[PDB]
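> This is the structure I have questions about; it appears just below.
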Protein chains: 6
Amino acid sequence: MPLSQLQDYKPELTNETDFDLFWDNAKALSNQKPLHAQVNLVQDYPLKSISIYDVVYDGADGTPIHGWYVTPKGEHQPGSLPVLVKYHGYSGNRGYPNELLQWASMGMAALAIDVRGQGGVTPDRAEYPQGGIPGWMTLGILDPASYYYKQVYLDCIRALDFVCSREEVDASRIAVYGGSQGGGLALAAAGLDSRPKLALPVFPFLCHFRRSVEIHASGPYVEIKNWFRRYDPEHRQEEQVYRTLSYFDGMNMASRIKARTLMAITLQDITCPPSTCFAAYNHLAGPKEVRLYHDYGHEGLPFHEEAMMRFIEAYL
Amino acid sequence: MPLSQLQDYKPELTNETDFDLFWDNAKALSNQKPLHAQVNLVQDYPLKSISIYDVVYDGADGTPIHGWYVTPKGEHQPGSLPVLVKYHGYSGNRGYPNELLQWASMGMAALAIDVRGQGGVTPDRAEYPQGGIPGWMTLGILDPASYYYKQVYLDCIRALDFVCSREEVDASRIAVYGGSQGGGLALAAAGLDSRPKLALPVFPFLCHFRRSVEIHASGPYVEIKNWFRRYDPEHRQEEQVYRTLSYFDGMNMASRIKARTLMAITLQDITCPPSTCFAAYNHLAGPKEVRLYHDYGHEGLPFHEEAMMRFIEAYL
Amino acid sequence: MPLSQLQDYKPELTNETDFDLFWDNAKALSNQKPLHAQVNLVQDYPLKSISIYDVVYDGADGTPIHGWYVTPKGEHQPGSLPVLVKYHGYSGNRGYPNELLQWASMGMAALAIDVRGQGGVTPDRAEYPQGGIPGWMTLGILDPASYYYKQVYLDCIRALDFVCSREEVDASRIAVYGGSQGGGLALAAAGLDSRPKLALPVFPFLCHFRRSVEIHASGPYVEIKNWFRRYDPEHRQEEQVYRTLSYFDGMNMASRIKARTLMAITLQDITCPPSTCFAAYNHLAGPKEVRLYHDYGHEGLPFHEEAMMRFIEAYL
Amino acid sequence: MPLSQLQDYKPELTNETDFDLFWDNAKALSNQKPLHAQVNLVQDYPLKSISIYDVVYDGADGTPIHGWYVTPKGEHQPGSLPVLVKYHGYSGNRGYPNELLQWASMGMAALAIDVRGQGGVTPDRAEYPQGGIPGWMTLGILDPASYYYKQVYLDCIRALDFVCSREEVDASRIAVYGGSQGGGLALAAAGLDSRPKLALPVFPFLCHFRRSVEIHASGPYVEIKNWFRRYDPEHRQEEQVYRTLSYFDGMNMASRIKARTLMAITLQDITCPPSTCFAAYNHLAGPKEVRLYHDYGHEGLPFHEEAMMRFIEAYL
Amino acid sequence: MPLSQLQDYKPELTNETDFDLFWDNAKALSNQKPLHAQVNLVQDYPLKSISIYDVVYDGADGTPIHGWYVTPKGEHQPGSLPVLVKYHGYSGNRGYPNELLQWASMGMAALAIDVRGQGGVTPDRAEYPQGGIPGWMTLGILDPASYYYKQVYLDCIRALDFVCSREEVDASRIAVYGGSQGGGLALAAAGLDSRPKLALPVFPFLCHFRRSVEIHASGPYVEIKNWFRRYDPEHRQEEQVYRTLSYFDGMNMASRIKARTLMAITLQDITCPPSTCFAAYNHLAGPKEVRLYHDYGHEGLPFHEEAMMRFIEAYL
Amino acid sequence: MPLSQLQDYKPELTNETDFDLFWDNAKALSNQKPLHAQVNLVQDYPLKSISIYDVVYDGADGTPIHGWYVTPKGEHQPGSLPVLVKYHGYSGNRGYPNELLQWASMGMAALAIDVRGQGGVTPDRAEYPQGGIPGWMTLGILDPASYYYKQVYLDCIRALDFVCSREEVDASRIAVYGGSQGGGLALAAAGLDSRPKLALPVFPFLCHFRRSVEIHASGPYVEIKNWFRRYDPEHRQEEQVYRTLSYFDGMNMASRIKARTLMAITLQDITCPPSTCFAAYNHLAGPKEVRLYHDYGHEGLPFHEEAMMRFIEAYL
Ligand SMILES: [Zn+2]
Ligand SMILES: [Zn+2]
Ligand SMILES: [Zn+2]
Ligand SMILES: [Zn+2]
Ligand SMILES: [Zn+2]
Ligand SMILES: [Zn+2]
């Protein structure tokens with residue numbers, strides 16, 4: 001897709017008429033299950049200008065979700081610290097505490113959590129009706145009530161609960177952030193919950209699934225293709241598959257975001273094609289900015305750090 | 001490693017002292033769990049020379065294992081039919097019933113089963129303490145009691161319980177067969193159970209783990225290397241990782257096989273490298289024969305089918 | 001080409017006005033040359049349900065063409081058995097007798113032949129006026145009377161004469177099938193001869209030659225571009241190259257097919273692109289069905305075996 | 001090379017008798033050229049807990065070398081701040097000020113400089129006798145006095161003079177750090193200068209040149225091979241090429257390092273192969289530690305940040 | 001862009017209003033530096049049929065440009081000999097004198113020169129305000145006056161002055177030739193100077209710069225993309241970049257060429273895309289002819305030698 | 001293999017006892033069959049310093065062999081011109097008359113011929129008993145009397161009868177030259193016939209077949225490996241295959257060469273590996289010289305032309 005085409009690219013929403021009903025039912029599941037947040041301070045870490053906490057809280061179905069919570073060292077009044085909540089890339093994990101340093105040295109608290117079952121210490125306790133393709137995208141794909149990303153989305157909202165359980169945190173100054181899957185999950189946390197003030201998705205995955213699969217996006221979108229290869233080579237269940245996926249689709253989530261958003265889009269990206277990123281961005285309901293990186297694909301953006309900082313200082 | 005060294009290659013066993021104890025505990029756990037076999041005749045399949053059953057039995061933890069059970073059509077006396085159990089490759093499934101025809105046309109019954117959680121309708125109900133690398137090789141890798149392949153090997157022994165429960169089947173004429181993961185599973189079945197008379201591993205996976213990994217074998221062995229990359233970059237838990245895997249290592253299973261064995265090894269194979277295949281082959285306790293395909297890798301072997309037919313006709 | 005355009009794609013036929021006269025003359029060559037069939041029962045083969053014959057008969061120019069002819073065991077009444085003729089892929093051969101087991105267990109005969117000069121025991125005794133590119137697609141390319149595929153199309157017709165010469169065979173129940181080049185040869189056999197009742201081409205090669213070269217199909221179509229590279233850099237003989245190949249083109253054959261046809265088309269195929277396959281399917285002159293496999297390329301299709309067996313049970 | 005041998009690989013020093021005399025003459029010539037340091041406070045950076053200066057100093061031939069110099073915010077006591085000098089990888093640059101954040105938040109000053117002529121605003125004003133291969137590895141390669149890395153190794157040392165000219169900086173607590181080319185530059189700086197107290201090379205480039213080229217390392221070592229291709233196909237000038245490179249070789253620089261060294265070595269690295277890194281490590285004249293990452297090549301080492309930081313805290 | 005559109009493709013010229021004034025200011029400053037042309041006869045080169053000279057003249061900034069100059073043997077009259085000047089590919093050099101033998105066996109003189117800085121003995125003495133990407137495409141890119149190909153273009157013209165100052169040579173029968181980079185230089189040579197009678201560009205590089213970058217052409221055009229990556233990720237300096245490059249574009253030069261031009265264009269070339277070559281061709285102002293090699297990419301064209309010889313004989 | 005042991009690598013000759021008898025017999029038949037050479041002068045070729053002839057002679061089995069025969073223009077005394085015979089690379093052809101110009105300008109006659117069946121107008125009249133792999137390496141491989149290179153070798157010896165039958169040629173000053181397959185044919189022409197004075201093989205193909213195959217050389221040796229994949233997966237026919245190829249092997253030919261030889265060997269060559277070329281070099285019987293190009297693979301060698309020209313001046 002050429003560029004002035006991408007910038008007006010606004011395909012029709014795929015949300016089923018029961019989208020909000022499905023979600024507030026899923027949120028009722030979460031409301032009945034307490035956080036039971038365990039927070040243990042790490043004192044053997046060499047950075048020293050920040051406080052580092054090892055965190056675990058219960059997901060809606062009892063899965064213990066692990067994170068790192070970091071603050072500036074020193075005394076903080078109740079409701080004084082802004083907070084950034086960071087979600088991570090497909091197969092990754094909470095990372096190391098020092099990657100939250102930038103946020104803490106701006107005066108902010110920050111949280112990085114594991115996505116259940118991925119390459120960390122957080123397991124996946126949900127049960128699925130059938131097997132799948134290596135990875136997570138195809139687990140429970142035939143029914144949205146059992147789909148892998150239902151409990152993931154709920155784990156991501158309960159991270160906002162954890163931050164607001166801390167009295168030093170200012171609940172009116174929450175940003176959600178992430179690259180790729182991380183960016184998908186920030187769109188969903190800002191789409192499903194009212195509390196986030198800013199969203200900063202970078203090349204978000206989990207957007208416009210039908211198109212992503214159709215144009216042979218690389219990376220984890222190929223799992224959905226491999227699903228059809230093994231389960232349904234004539235595409236007879238195609239409709240059930242894309243219907244299930246519509247409830248988690250970032251484009252549908254974007255139509256319900258009122259938070260101010262800064263999106264980063266990379267024009268040579270073949271894992272999260274920019275037409276899927278622009279699909280979501282142009283359905284954003286609140287004010288928004290975009291950074292277009294013409295010659296970058298799915299990879300590190302060291303220059304984007306400073307743009308995110310400016311944005312946060314201006315509006316958080 | 002050159003061919004004449006391949007066949008003198010007999011590295012030390014890595015079985016811990018309690019290998020047999022770990023397994024007969026896991027087996028006694030399976031012995032308390034009835035199979036609850038359900039069978040259902042497929043009506044209107046194009047082949048009318050065979051009867052085809054859609055089959056489900058419970059694993060030891062209650063997971064419903066699906067399969068296909070195929071016999072020559074018509075009457076058979078109790079205890080008359082020899083039987084072949086087929087196990088499938090990594091990520092695959094029970095396949096299609098026409099792939100078991102060959103066996104039925106030789107007057108045999110045959111069963112193919114799903115491996116739990118892979119590309120089939122058979123899910124994985126076991127719980128793991130942590131997440132993992134996409135795939136199944138790293139689930140529960142820190143403790144053999146909770147490791148993925150524990151319940152897989154038990155499902156595979158329970159496939160022998162299923163075929164032995166068929167009244168038409170002759171329980172003294174059972175063969176176990178599979179390629180790659182399939183071949184590893186057939187060495188497990190024959191290693192952990194006395195009933196199989198023949199074992200037909202094709203390029204068996206799950207053999208000589210520490211060598212597979214260190215010589216940088218491609219395919220699923222790479223998940224173990226990626227475990228290290230994410231969880232343990234200085235290899236401080238390498239000892240626990242390879243002691244977990246030793247309980248499941250086909251080289252240690254081979255040492256308890258008394259069945260007559262026909263192994264295929266492909267000399268250009270970078271996925272199940274031939275030194276790891278030879279290492280298990282050179283520890284087989286019973287009679288054995290090998291087919292060496294010099295210019296083939298990890299790929300379909302059209303000529304091998306005939307070689308297995310002759311072996312089966314001669315000895316089963 | 002996008003799926004909705006693909007299905008309606010029906011380009012102009014390239015057949016020259018003397019297309020049927022050429023083939024009439026080429027068939028008169030075949031009429032001069034008797035078969036001299038030799039049939040020899042294969043002994044000690046492990047499948048005892050079937051009788052397997054090792055077969056040779058002469059091509060029109062005298063080339064000994066070898067095959068496997070397989071029947072159900074025991075005697076059969078004159079004219080009783082339906083028969084399947086199998087043609088193989090580019091560089092392949094007659095295969096192994098066990099690959100025709102499925103047809104015998106359905107109560108049918110079957111025949112698999114070598115294509116002349118390819119990777120079996122059947123040489124190519126035709127003489128060509130010039131050299132060529134490695135392979136067979138460019139031999140004699142400047143004159144259809146001397147082109148590689150004339151004597152090949154005639155050996156394919158003579159395979160049908162071989163089967164009708166068998167006492168047990170029913171001439172009114174002949175099917176022809178094959179994949180890739182075999183699919184092309186099946187199209188040729190049904191379009192040039194009236195005897196075949198069914199045709200089952202899978203992603204057929206030798207279709208819409210000028211398109212297949214122009215869009216840069218991989219695999220053997222590349223030999224034609226290489227021909228221009230070596231013999232005709234400026235495309236001065238372009239019109240004569242495409243004229244020669246128009247006489248062998250499956251799209252032209254398909255317009256003369258009255259047999260009922262089941263075609264498989266793989267949508268990601270880059271060796272036999274689907275626009276070229278559909279170009280033939282949409283010129284077929286008899287009843288037709290298509291199976292379209294969205295996420296497969298040029299590869300094995302284990303699900304298609306059952307679709308073919310059903311088609312043959314229904315219609316042969 | 002297998003691991004235990006690799007850990008003890010200590011090949012013979014290639015330094016000419018000349019080596020210290022050559023560098024004595026090059027350094028004396030540099031000391032005739034004032035620094036002419038210019039420093040400009042960056043305003044309107046979003047962080048605010050650090051002071052950020054845009055920095056330029058003269059190289060020994062007048063080239064204006066650019067950098068970022070970063071301190072914790074506020075005034076500091078004379079001679080109080082430890083300092084980290086970071087040199088960058090092949091083709092890169094001084095990066096972004098936020099990348100020096102972690103050093104500053106430990107109480108340290110930090111300087112990141114451009115390597116002359118590579119991907120930043122610092123040109124290269126040195127003149128060379130011939131042309132060369134794209135890149136910088138082959139510029140002046142027939143004469144050590146005109147070789148690209150002579151003015152580069154002097155620019156790096158003059159970075160130590162710029163930090164020492166800052167009143168806040170403690171000259172007895174200097175650490176030199178870098179990855180790849182930067183690891184190479186760090187070994188040179190610590191080897192040709194007596195001021196660095198710590199060296200932290202990550203998979204250093206510019207070590208054991210003759211072995212690097214002849215085991216066909218990837219990356220910029222390829223430029224040297226291409227030099228032979230273009231200028232000397234039969235290797236008649238090879239002894240002059242390797243004599244030149246010997247004055248720059250990290251292994252020869254290591255035998256002159258008395259500073260305490262922490263080296264990161266990647267085992268699968270094919271750009272800076274592990275034998276070349278180990279050759280240097282085993283010639284280091286001071287106290288040393290190694291981190292050996294088995295499953296990592298030429299890539300980011302995020303776990304390594306924590307290890308450098310603990311090392312800086314115990315010893316800087 | 002398909003074949004019939006390619007041929008008519010005549011995009012708008014990008015030359016700025018001051019294009020002619022940029023170039024007569026660059027020539028003014030070239031005019032003031034005398035050629036200082038020196039020659040030197042090579043002794044026992046094995047071809048005795050030809051006179052072989054090792055040659056050196058000064059570029060406009062005193063860079064000494066080395067060449068091979070070849071004439072038919074013995075002494076010649078004043079003004080008798082026609083002459084062909086050959087420019088070389090990206091990163092290459094003057095070649096070997098045997099490569100000019102064919103032009104000399106036609107009773108011509110021939111000159112092949114090094115392009116400054118590339119893979120020969122000729123250095124580059126121009127100074128640039130910043131660094132660059134490895135290679136030469138990005139040196140001085142922000143400023144037309146400081147751009148790498150300014151002095152290159154001037155050295156290519158002064159090659160003309162060198163041949164025109166040899167007594168044997170006939171200034172009215174000058175041809176300029178070369179492949180890829182050489183093709184672009186030949187374009188610029190015949191477009192900036194009145195003297196060449198014939199131009200023979202082969203798949204010229206340095207043509208239609210914006211298009212070459214935007215369609216992801218391989219080879220050196222990718223350096224301009226890597227420039228934006230490293231220096232300007234949001235393309236805020238896109239305009240100055242392409243402006244600079246417009247002073248050097250073959251398209252703009254070709255407008256001013258009144259000489260007679262034979263252009264080889266390769267339809268599968270991904271380094272020098274046929275659209276950019278046809279853009280330059282359809283802007284030629286004098287007579288022209290084209291050879292369109294359909295199945296050739298960026299490579300040797302042994303058949304094109306004869307065509308160039310025919311064009312020369314007929315018109316030089 | 002490392003260079004020191006390459007230079008002393010002289011493995012065992014694989015010639016059978018009947019190697020000389022085989023070739024005695026094939027040459028006796030060849031000697032009974034006249035050449036019936038036709039020779040027609042080419043007109044309107046732009047060069048003029050040369051006389052060019054289109055040539056055709058009969059092979060020993062009746063294939064018409066086509067070539068180009070080139071001399072200095074004008075008349076010449078009987079027996080006065082030395083001659084170079086050029087054989088081409090695999091899939092190639094006689095090339096263009098301008099590529100012989102170099103040899104003509106030295107005062108020589110030059111002949112380039114076609115290899116039967118390859119990318120020219122020369123067909124292949126031989127009959128083979130079986131099929132093969134695409135290309136010509138496998139044709140007739142189970143029997144030396146029918147092997148493809150038997151009649152090629154004889155046609156190469158008949159190129160010498162053709163040049164000796166020309167009045168102007170000096171039969172005592174024949175040189176045979178070629179690269180890759182051409183180098184193999186040069187070695188066979190010098191090993192089978194007594195007339196050539198010089199041999200100039202460049203990276204000879206057709207050497208030490210068993211090694212080349214078993215170390216996985218790319219290019220046409222891969223045909224022999226593909227022969228085992230298709231015909232003989234378990235290598236039951238490996239000694240018949242290598243016995244056939246031993247009759248054609250350049251290493252065995254080299255044992256019988258009396259002529260003076262200049263060999264170019266490329267050290268990074270993966271198509272014609274250097275140990276296979278050294279195996280031949282080290283069995284040469286007469287005097288010899290080598291040029292080792294250390295960083296070159298299977299590609300053009302523009303510096304080698306001059307060294308060959310020096311060799312020919314010195315010794316022809
Ligand atoms: Zn959707
Ligand atoms: Zn182990
Ligand atoms: Zn056509
Ligand atoms: Zn050295
Ligand atoms: Zn432009
Ligand atoms: Zn041999």
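The chains in the structure tokens are called A, B, ... from first to last as shown; in each chain the residues are counted from 1, and the ligands are counted from 1 in the order shown.
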Grab me every residue within 12 Å of ligand 2, counting only C-alpha atoms and all ligand atoms, and send it over as a ChimeraX atom specification.

/B:11-16,206-214,224,238-253,276,279-280

> Once you count only C-alpha atoms, what closest atom pair and distance in Å to one decimal does each residue of chain C within 12 Å of chain E have, with rows by chain and rising residue number, as CSV?


```
residue,atom,partner,partner_atom,distance
C:213,CA,E:295,CA,10.3
C:214,CA,E:295,CA,10.0
C:215,CA,E:2,CA,10.9
C:216,CA,E:295,CA,10.2
C:222,CA,E:295,CA,10.4
C:223,CA,E:295,CA,11.6
C:224,CA,E:295,CA,10.3
C:225,CA,E:295,CA,6.5
C:226,CA,E:295,CA,7.8
C:227,CA,E:295,CA,9.6
C:228,CA,E:295,CA,7.2
C:229,CA,E:295,CA,6.1
C:230,CA,E:303,CA,9.8
C:231,CA,E:303,CA,10.5
C:232,CA,E:293,CA,9.5
C:233,CA,E:293,CA,5.8
C:234,CA,E:293,CA,5.6
C:235,CA,E:294,CA,7.5
C:236,CA,E:293,CA,11.0
C:238,CA,E:294,CA,11.0
```

> Would you output that residue set with N, CA, C and O atoms, as a PDB file, in the first residue's frame?


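What landed in part21.pdb:
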```pdb
ATOM      1  N   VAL C 213       6.281 -18.701 -18.087  1.00  0.00           N
ATOM      2  CA  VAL C 213       7.628 -18.088 -18.239  1.00  0.00           C
ATOM      3  C   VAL C 213       7.600 -16.596 -17.859  1.00  0.00           C
ATOM      4  O   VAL C 213       8.509 -16.133 -17.185  1.00  0.00           O
ATOM      5  N   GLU C 214       6.560 -15.869 -18.263  1.00  0.00           N
ATOM      6  CA  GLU C 214       6.521 -14.400 -18.132  1.00  0.00           C
ATOM      7  C   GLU C 214       6.460 -13.909 -16.687  1.00  0.00           C
ATOM      8  O   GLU C 214       6.999 -12.858 -16.350  1.00  0.00           O
ATOM      9  N   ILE C 215       5.745 -14.648 -15.854  1.00  0.00           N
ATOM     10  CA  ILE C 215       5.644 -14.346 -14.427  1.00  0.00           C
ATOM     11  C   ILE C 215       6.718 -15.005 -13.580  1.00  0.00           C
ATOM     12  O   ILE C 215       6.650 -14.898 -12.351  1.00  0.00           O
ATOM     13  N   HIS C 216       7.667 -15.705 -14.217  1.00  0.00           N
ATOM     14  CA  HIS C 216       8.877 -16.258 -13.569  1.00  0.00           C
ATOM     15  C   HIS C 216       8.561 -17.416 -12.618  1.00  0.00           C
ATOM     16  O   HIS C 216       9.081 -17.458 -11.517  1.00  0.00           O
ATOM     17  N   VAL C 222      11.713 -22.586 -15.827  1.00  0.00           N
ATOM     18  CA  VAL C 222      13.007 -21.840 -15.928  1.00  0.00           C
ATOM     19  C   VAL C 222      13.921 -22.286 -17.110  1.00  0.00           C
ATOM     20  O   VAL C 222      14.692 -21.472 -17.589  1.00  0.00           O
ATOM     21  N   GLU C 223      13.849 -23.570 -17.539  1.00  0.00           N
ATOM     22  CA  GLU C 223      14.656 -24.042 -18.636  1.00  0.00           C
ATOM     23  C   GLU C 223      14.351 -23.261 -19.912  1.00  0.00           C
ATOM     24  O   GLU C 223      15.269 -22.928 -20.653  1.00  0.00           O
ATOM     25  N   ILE C 224      13.104 -22.848 -20.115  1.00  0.00           N
ATOM     26  CA  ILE C 224      12.781 -22.064 -21.288  1.00  0.00           C
ATOM     27  C   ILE C 224      13.412 -20.685 -21.282  1.00  0.00           C
ATOM     28  O   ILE C 224      13.883 -20.215 -22.348  1.00  0.00           O
ATOM     29  N   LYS C 225      13.438 -20.021 -20.124  1.00  0.00           N
ATOM     30  CA  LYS C 225      14.079 -18.686 -20.034  1.00  0.00           C
ATOM     31  C   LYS C 225      15.572 -18.828 -20.254  1.00  0.00           C
ATOM     32  O   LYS C 225      16.183 -18.010 -20.901  1.00  0.00           O
ATOM     33  N   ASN C 226      16.150 -19.892 -19.682  1.00  0.00           N
ATOM     34  CA  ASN C 226      17.542 -20.216 -19.920  1.00  0.00           C
ATOM     35  C   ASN C 226      17.843 -20.507 -21.351  1.00  0.00           C
ATOM     36  O   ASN C 226      18.918 -20.119 -21.791  1.00  0.00           O
ATOM     37  N   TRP C 227      16.874 -21.096 -22.086  1.00  0.00           N
ATOM     38  CA  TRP C 227      17.046 -21.279 -23.495  1.00  0.00           C
ATOM     39  C   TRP C 227      17.232 -19.946 -24.205  1.00  0.00           C
ATOM     40  O   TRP C 227      18.161 -19.801 -24.994  1.00  0.00           O
ATOM     41  N   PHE C 228      16.381 -18.970 -23.916  1.00  0.00           N
ATOM     42  CA  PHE C 228      16.512 -17.660 -24.551  1.00  0.00           C
ATOM     43  C   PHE C 228      17.886 -17.061 -24.210  1.00  0.00           C
ATOM     44  O   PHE C 228      18.568 -16.552 -25.096  1.00  0.00           O
ATOM     45  N   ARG C 229      18.291 -17.196 -22.947  1.00  0.00           N
ATOM     46  CA  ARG C 229      19.568 -16.716 -22.462  1.00  0.00           C
ATOM     47  C   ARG C 229      20.706 -17.189 -23.313  1.00  0.00           C
ATOM     48  O   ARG C 229      21.629 -16.408 -23.550  1.00  0.00           O
ATOM     49  N   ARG C 230      20.654 -18.439 -23.771  1.00  0.00           N
ATOM     50  CA  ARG C 230      21.778 -19.062 -24.484  1.00  0.00           C
ATOM     51  C   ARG C 230      21.710 -19.024 -25.975  1.00  0.00           C
ATOM     52  O   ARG C 230      22.741 -18.954 -26.619  1.00  0.00           O
ATOM     53  N   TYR C 231      20.509 -19.114 -26.528  1.00  0.00           N
ATOM     54  CA  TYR C 231      20.295 -19.230 -27.971  1.00  0.00           C
ATOM     55  C   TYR C 231      19.747 -17.964 -28.594  1.00  0.00           C
ATOM     56  O   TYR C 231      19.977 -17.724 -29.750  1.00  0.00           O
ATOM     57  N   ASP C 232      19.019 -17.154 -27.838  1.00  0.00           N
ATOM     58  CA  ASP C 232      18.248 -16.038 -28.406  1.00  0.00           C
ATOM     59  C   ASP C 232      18.039 -14.895 -27.381  1.00  0.00           C
ATOM     60  O   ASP C 232      16.951 -14.609 -26.963  1.00  0.00           O
ATOM     61  N   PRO C 233      19.120 -14.200 -27.020  1.00  0.00           N
ATOM     62  CA  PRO C 233      19.066 -13.084 -26.072  1.00  0.00           C
ATOM     63  C   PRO C 233      18.039 -11.991 -26.370  1.00  0.00           C
ATOM     64  O   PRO C 233      17.470 -11.433 -25.440  1.00  0.00           O
ATOM     65  N   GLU C 234      17.855 -11.650 -27.636  1.00  0.00           N
ATOM     66  CA  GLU C 234      16.915 -10.568 -28.032  1.00  0.00           C
ATOM     67  C   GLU C 234      15.490 -11.083 -28.363  1.00  0.00           C
ATOM     68  O   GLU C 234      14.656 -10.287 -28.792  1.00  0.00           O
ATOM     69  N   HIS C 235      15.205 -12.384 -28.144  1.00  0.00           N
ATOM     70  CA  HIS C 235      13.874 -12.942 -28.391  1.00  0.00           C
ATOM     71  C   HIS C 235      13.428 -12.877 -29.871  1.00  0.00           C
ATOM     72  O   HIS C 235      12.277 -12.866 -30.134  1.00  0.00           O
ATOM     73  N   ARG C 236      14.366 -12.906 -30.808  1.00  0.00           N
ATOM     74  CA  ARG C 236      14.076 -13.012 -32.245  1.00  0.00           C
ATOM     75  C   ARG C 236      13.259 -14.282 -32.665  1.00  0.00           C
ATOM     76  O   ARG C 236      12.544 -14.243 -33.673  1.00  0.00           O
ATOM     77  N   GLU C 238      11.252 -15.985 -30.391  1.00  0.00           N
ATOM     78  CA  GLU C 238      10.179 -16.031 -29.404  1.00  0.00           C
ATOM     79  C   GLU C 238       8.878 -16.629 -29.980  1.00  0.00           C
ATOM     80  O   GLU C 238       8.270 -17.490 -29.382  1.00  0.00           O
TER      81      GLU C 238
END
```

> Please provide as a list in words all residues within 7 Å of stretch 142-155 of chain D, with the sequence filter that same-chain residues fewer than 4 positions apart are discarded (counting only C-alpha atoms).

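The residues that qualify are residues 59, 60, 115, 116, 128, 136, 137, 159, 185, 188, 189, 240, 241 and 244 of chain D.
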
> What does the distance between atom CA of residue F:107 and atom CA of residue E:47 come to in Å, to one decimal place?

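So the two atoms, atom CA of residue F:107 and atom CA of residue E:47, lie 9.7 Å apart.
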
> Please provide as a CSV table (one decimal) with C-alpha atoms, in the first residue's frame all residues within 10 Å of residue B:104, with the sequence filter that same-chain residues fewer than 5 positions apart are discarded (counting only C-alpha atoms).


```
chain,number,residue,atom,x,y,z
B,49,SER,CA,-11.7,-53.3,2.2
B,50,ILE,CA,-11.0,-52.0,5.8
B,51,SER,CA,-13.0,-51.1,8.9
B,70,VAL,CA,-8.0,-49.7,11.2
B,71,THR,CA,-8.5,-53.5,10.5
B,72,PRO,CA,-9.2,-55.7,7.5
B,73,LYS,CA,-13.0,-55.8,7.0
B,81,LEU,CA,-4.6,-60.2,14.1
B,82,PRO,CA,-1.1,-58.8,14.4
B,83,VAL,CA,-1.0,-55.1,15.2
B,84,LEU,CA,1.1,-52.0,14.4
B,98,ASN,CA,-5.7,-44.2,4.3
B,99,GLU,CA,-2.1,-44.1,5.6
B,109,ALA,CA,-4.6,-54.1,12.6
B,110,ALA,CA,-3.1,-50.6,13.0
C,105,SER,CA,-7.7,-52.8,-2.5
```

> Considering only C-alpha atoms, return as a PDB file with N, CA, C and O atoms, in the first residue's frame whatever protein or nucleic-acid residues lie within 8 Å of residue F:8, sequence-local ones (same chain, fewer than 3 positions apart) excluded.


```pdb
ATOM      1  N   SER F   4      49.239 -26.562   3.213  1.00  0.00           N
ATOM      2  CA  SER F   4      50.506 -27.312   3.265  1.00  0.00           C
ATOM      3  C   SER F   4      50.279 -28.757   2.811  1.00  0.00           C
ATOM      4  O   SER F   4      51.008 -29.266   1.942  1.00  0.00           O
ATOM      5  N   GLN F   5      49.235 -29.400   3.340  1.00  0.00           N
ATOM      6  CA  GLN F   5      48.950 -30.779   2.923  1.00  0.00           C
ATOM      7  C   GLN F   5      48.213 -30.912   1.570  1.00  0.00           C
ATOM      8  O   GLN F   5      48.299 -31.959   0.979  1.00  0.00           O
ATOM      9  N   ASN F 282      49.293 -33.143  -8.833  1.00  0.00           N
ATOM     10  CA  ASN F 282      50.356 -33.974  -8.252  1.00  0.00           C
ATOM     11  C   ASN F 282      50.569 -35.318  -8.925  1.00  0.00           C
ATOM     12  O   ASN F 282      51.474 -36.033  -8.582  1.00  0.00           O
TER      13      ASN F 282
END
```
